[PDB]
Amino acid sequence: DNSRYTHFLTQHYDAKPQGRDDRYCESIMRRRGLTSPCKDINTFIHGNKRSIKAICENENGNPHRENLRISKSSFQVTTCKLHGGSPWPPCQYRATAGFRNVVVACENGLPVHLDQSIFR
């Protein structure tokens, strides 16, 4: 069963963004189905998939907290943060581009959860 890995990619992977601005967030959050209701915070990892999967092995990860894993490499990321009063669309997002390691949970060598706490 690789459905959670697939869902992880949908929610948290975007290989090649250009401008990672507010409009980038507002578009990709719609495109990936994260706007009913508006997700309060969501981060996308850029670059290749193989580096992300590698966090699940010694190659690019260490154990972290309770059964999570933290990457050794740094990733280009973009965090989309909801603003405005309402939980419901249209969903306005503020983009914050960043470059650091990421925390995930892995199952059968595949990432299945991104820990959003490090981007808050």
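All residue numbers are counted from 1 along the displayed sequence.
- If you average the C-alpha B-factors over 78-86 and over 39-47, the higher value belongs to 78-86.
- Comparing the deposited coordinates for 50-58 and 69-77, the stretch with the larger average C-alpha B-factor is 50-58.
- Among all modelled residues in its chain, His7 ranks in the middle third by Cα B-factor.
- In this PDB entry, the Cα temperature factor of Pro17 sits in the top third of its chain's modelled residues, the highest group.
- In the deposited entry, the Cα temperature factor of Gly98 sits in the bottom third of values across the chain's modelled residues.
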